[PDB]
Amino acid sequence: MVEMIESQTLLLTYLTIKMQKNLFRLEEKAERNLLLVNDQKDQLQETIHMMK
Amino acid sequence: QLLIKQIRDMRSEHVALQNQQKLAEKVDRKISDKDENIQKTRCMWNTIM
């Protein structure tokens, strides 16, 4: 019984570490994409204001 | 999604304003004489009053 629980713990832990590593990579790519688009928004806003 | 919507709206606004500026520049060359005309008019009034 102790050997079975340990095997379960190993599976869960493996899944967890694998997911966390791949999630951090997505979050970083996402934030970068948002900042790039936000910067484009900011340039357009400044040009519109000057024209007005 | 929010950012996409905002950029689209701003682009539409920018085109509209560009059309309005092109109509206004056909009138402006002669501005180099404003401060001088105001002071001239003020001076004429001061003389009369």
- Item | Residue list for the stretch B:9-49, filter: surrounded by 10 or more Cβ atoms within 10 Å (Cβ to Cβ) and of a type in the set (D, E, K, R) | B:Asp9, B:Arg11, B:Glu13, B:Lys40, B:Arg42
- Message: Filter the stretch A:35-47 down to the residues that are within 7 Å of chain B (Cβ to nearest Cβ) and closer than 16 Å to B:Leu3 by Cα and list them by number.
- Response: A:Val37, A:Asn38, A:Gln40, A:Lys41, A:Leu44, A:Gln45
- Query: Out of A:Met4, A:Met50, which single residue is in a helix (DSSP H, G or I), out of contact with any helix residue (DSSP H, G or I) (no Cβ under 7 Å at 6 or more places or on another chain) and facing another protein chain (nearest Cβ under 10 Å)?
  - Reply: A:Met50
- Task: Answer yes or no: is there a residue in the stretch A:7-28 that is over 26 Å from the mean Cα position of the chain (by Cα) and outside any helix (DSSP H, G or I).
- Result: no
- Within the set of pairs 6+ apart or on separate chains, which have a first residue in the stretch B:7-22 that is within 7 Å of another protein chain (Cβ to nearest Cβ), a second that is surrounded by 10 or more Cβ atoms within 10 Å (Cβ to Cβ), and C-beta atoms under 6 Å apart? B:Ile7/A:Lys41; B:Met10/A:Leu44; B:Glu13/A:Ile48; B:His14/A:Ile48; B:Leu17/A:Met51
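Counting neighbours? That spans all protein chains shown, and the Cβs are built from the backbone with ideal geometry, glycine included. Laboratory data are not the source of any read-out in this text; all were calculated from the coordinates shown.
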